[PDB]
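Here we start with a single chain on its own, the form deposited in one PDB entry, put down as structure tokens.
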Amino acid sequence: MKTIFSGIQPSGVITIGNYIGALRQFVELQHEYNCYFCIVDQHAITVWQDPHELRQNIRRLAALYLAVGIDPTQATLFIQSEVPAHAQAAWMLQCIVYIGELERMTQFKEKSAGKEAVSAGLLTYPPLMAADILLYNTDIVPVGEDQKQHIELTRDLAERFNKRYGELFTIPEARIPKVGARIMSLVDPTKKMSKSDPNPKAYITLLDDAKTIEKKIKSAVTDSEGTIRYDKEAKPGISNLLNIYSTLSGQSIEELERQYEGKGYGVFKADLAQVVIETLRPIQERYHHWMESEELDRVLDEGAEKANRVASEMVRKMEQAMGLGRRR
């Protein structure tokens, strides 16, 4: 079949944003495609991470990946750093990418605020993501909207290398969902829901408890009209909450706009909290099962084994094309 690749950084617990925009579709896709799902830890470190917490977020993400229904026998789930080829590839691509191309990446100008001194791994994030993808001769990359641009740079780098050193890489394509590709922060509806938001009220994580979900939802930035209708420019808050409600419940923005008429925010929120609560209930229960057993580690071992064979073969080929090392 066709091959898909997608990664999720172990920089916090994944949010209902990471779930709706990417992970949720992983559970279906793993049956239609040859899928590689990665815990991108080498990306996580482009920005400070407490060591103990990175270790634990890596193992939690793995458990959630499984908990939401990824089948270790249908998809290969693995940790990037456990596969050296990602760093080997990343360096070879860093050599054909242009500083100007890196400097212009949106995620880099954003993440690099006027902030005094930035780590180069923030500039060089993109070639590593290109490796992640190109290593597996990837066809489709199922990601939320924010990663689109990085994927285009991935494509340019594949084509650059192919015409510079001969056909080797497959030219991947992004696959952003038509709905819920950019879930916004509950605290500022102009910013995306980001799991590394300094303000925990910005996101709801897949591991948040009922009480906590009820508060973040309650606290969510709405407006004054007490009118439950969809408007992205007028009521960016209420719009966002509508989507989450839609995508998560099954109902359209309309059947929800209807259901909440002469009805106000207070109730609309307490219901959204229960929708999100119920959605995460089965997930969280399976999550606990995976966290208390050595089974998760076995999964990951076999996942790296499999990624190592495919990717290490691609590095050999790339080396052969560029003339690195010796004839093997």
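Whichever C-alpha set is largest while still superposing within 1.5 Å between the two forms counts as the rigid core. Residues carry their position along the shown sequence, with the first being 1.
There is another form of this protein, the form deposited in another entry, and it is not shown here; the text below is about that form.
The residue that stands out in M193, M129, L77, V83 is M193, the single one whose Cα moves by 2 angstroms or more between the shown form and the other one on a rigid core fit. Core-aligned CA deviation for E110 between the shown form and the other one: 2 Å or greater. After superposing the rigid core, the C-alpha of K263 moves by 2 Å or more between the shown form and the other one. Annotation: Cα of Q49 displaced by less than 2 Å between the shown form and the other one, core superposition.
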